[PDB]
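Next comes just one chain, in structure tokens: the form deposited without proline.
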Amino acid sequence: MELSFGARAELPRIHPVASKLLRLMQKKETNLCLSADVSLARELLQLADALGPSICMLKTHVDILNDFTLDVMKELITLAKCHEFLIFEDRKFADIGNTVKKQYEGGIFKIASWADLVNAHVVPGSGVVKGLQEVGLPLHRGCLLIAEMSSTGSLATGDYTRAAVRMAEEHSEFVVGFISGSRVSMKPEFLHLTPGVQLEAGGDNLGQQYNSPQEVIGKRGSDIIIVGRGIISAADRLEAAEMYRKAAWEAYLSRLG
């Protein structure tokens, strides 16, 4: 009895950020998250503008942006609102208490002021979520927990993955889903986002297991593919984004029937 993204957007227990995301995924026929792994604001904003219509989400690492300013993030929000996608800062918070709250709210980056979504590692225990949620809940934000990783020798397996799912379940006021390789929660209110995605069979030198959109959306039951190199390193990034969008969207339709 799998529901469409549009029906999941209306579930009683849905988080508002998850509902906004699921609605624009259904409207735009996209379950693609672009990993915007670039060092200069001009390239980030040119990709966000050109690929905005093709994506449900843009995943940032603002700590690699050589020319970060808050005005760059204002311009990115303008594009996110115009093209209808969420901004996900892949900060991988992994600390607790006042320090994690300040890392999310403060410093130079003021992540909570512009990121719809952030993510967290669960290794510290639920203190990571409790610290972030003190900031994030009043700012109406959401969080993704890293339940599994694509990297060679990942320790996010077995009881660790089950601990991530329990932590999400128990903090559903703020946690809206997972970074994972597959469906890890049976609750349809949670989103599953999967990195390590490319159309070809292949790998990289620093250690990652790659899978196709058809495998991770169609067979493994994830919702959204996160794609970096497969798009960013292509000559025509718009056509590459469209190839990934069509792959992920059809894999989704086929699992719905």
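From 1 onward, residues are counted along the sequence shown.
Another form exists, deposited with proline bound; not displayed. Remarks below refer to it.
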property: Shown-form site status with respect to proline as positioned in the deposited complex after superposition (2.4 Å backbone/C-beta criterion, 3+ atoms); result: blocked
property: Partner-facing stretch of 157 to 165, 129 to 137, 69 to 77, 182 to 190, counted where any non-hydrogen atom is within 4.5 angstroms of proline in the deposited complex; result: 129 to 137
property: Contact of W114 with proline in the deposited complex (heavy atom, 4.5 Å); result: no
property: Contact of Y104 with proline in the deposited complex (heavy atom, 4.5 Å); result: yes
property: Contacts with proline in the deposited complex, stretch 208 to 231 (heavy atom within 4.5 Å); result: none
